[PDB]
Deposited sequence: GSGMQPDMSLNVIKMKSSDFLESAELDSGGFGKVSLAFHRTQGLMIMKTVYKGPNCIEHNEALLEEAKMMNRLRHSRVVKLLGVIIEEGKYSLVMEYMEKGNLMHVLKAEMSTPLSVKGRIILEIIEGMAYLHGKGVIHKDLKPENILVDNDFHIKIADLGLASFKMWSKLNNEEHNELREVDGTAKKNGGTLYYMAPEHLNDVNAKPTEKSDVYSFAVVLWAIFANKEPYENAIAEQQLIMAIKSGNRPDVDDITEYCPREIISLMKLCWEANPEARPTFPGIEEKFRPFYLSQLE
């Protein structure tokens, strides 16, 4: 179960924009978030470690693997796999992705979210920043803000992807349909190549009042069946929105016949 790491395992560690590049002795390049550095904490190590164990049980080709956890005297860090091309929005913005690649990106997003929901894991904050892209344009879904992990989160454009049921009511526990809304605005982002809603306080009333992204800003050719999908995936009533198994059953045929 455990891969408890030590700081000693890493030869060097170059800082990033507390996220940090880190070269492991036997295992190569990795990315390390040191979430806390301070006094020796009250005994929540077991809780933190059990939570890290739960992150580590999430093992799937389209989901990021937590490779290890470092809990030293006044130093708490998590360690993940190195993804070369970074987040999805950076890949969309940096230079001209083909429809075949984006279609596959969508299929891998669906495959990954389906796994997550299949493990009883709702993603509270799904968005392009949380979709990391490797060297060969294959993706992995991530929770870089630690939204779903309560204890690590406590130890430390997000409103745009959040469902209107949550904009109304902060006490509302999310569901499988919460993420399908997010997935819809992700789809729009994938064909718009930009973050939506190009003021913060004012916008929240409009979205709860029915507003969605401007579809006429998708100046790139997006297929009708994908535009159909996002409209359905962002419906205001959650019971109207499909499940990810329902989306996969339809979209996998569509990918292979038309997109691939």
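Stretches of the deposited sequence left without coordinates are 1-10, 28-32, 111, 173-190, 233-235, in sequence order.
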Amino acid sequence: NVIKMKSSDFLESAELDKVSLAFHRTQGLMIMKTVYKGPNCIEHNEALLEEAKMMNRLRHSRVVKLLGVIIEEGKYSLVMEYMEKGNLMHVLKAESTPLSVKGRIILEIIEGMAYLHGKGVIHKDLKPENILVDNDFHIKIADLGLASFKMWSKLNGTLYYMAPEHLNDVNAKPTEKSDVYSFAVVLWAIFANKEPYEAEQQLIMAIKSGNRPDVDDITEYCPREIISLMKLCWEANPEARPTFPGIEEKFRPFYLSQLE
From here on, numbers count along this sequence of modelled residues.
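Between two forms, the rigid core is the largest collection of C-alphas that superpose within 1.5 Å.
In summary, of the stretches 214-222 and 200-208, 200-208 shows the greater Cα distance from the shown form in 9 other deposited structures of this protein, with structures fitted on the rigid core. Take 61-69 and 44-52, fit the other structures onto the shown form by the rigid core, and average the C-alpha distances in 9 other deposited structures of this protein: the farther stretch is 44-52. Gaps at residue 239 occur in none of the other compared entries of the protein that contain both adjacent residues, all of which model it rather than a third dropping it.
In none of the other PDB entries of this protein that model the residues around it does residue 32 lack coordinates, well short of a third. For the pair 60-68 and 218-226, the mean Cα B-factor is higher in 218-226.
Comparing the deposited coordinates for 49-57 and 32-40, the stretch with the larger average C-alpha B-factor is 32-40. Out of 179, 136, 84, 73, the entry records its largest CA B-factor for 73. For the set 248, 12, 17, 9, the PDB entry puts the maximum C-alpha B factor at 17. In the PDB entry, a CA B factor belonging to the middle third of its chain's modelled residues is recorded for residue 103.
Among all modelled residues in this chain, the alpha-carbon of residue 155 has a temperature factor (C-alpha) in the highest third. Ranked by C-alpha B-factor against the other modelled residues of its chain, residue 129 falls in the middle third. Among all modelled residues in its chain, residue 173 ranks in the middle third by Cα B-factor. Among all modelled residues in its chain, residue 165 ranks in the middle third by Cα B-factor.
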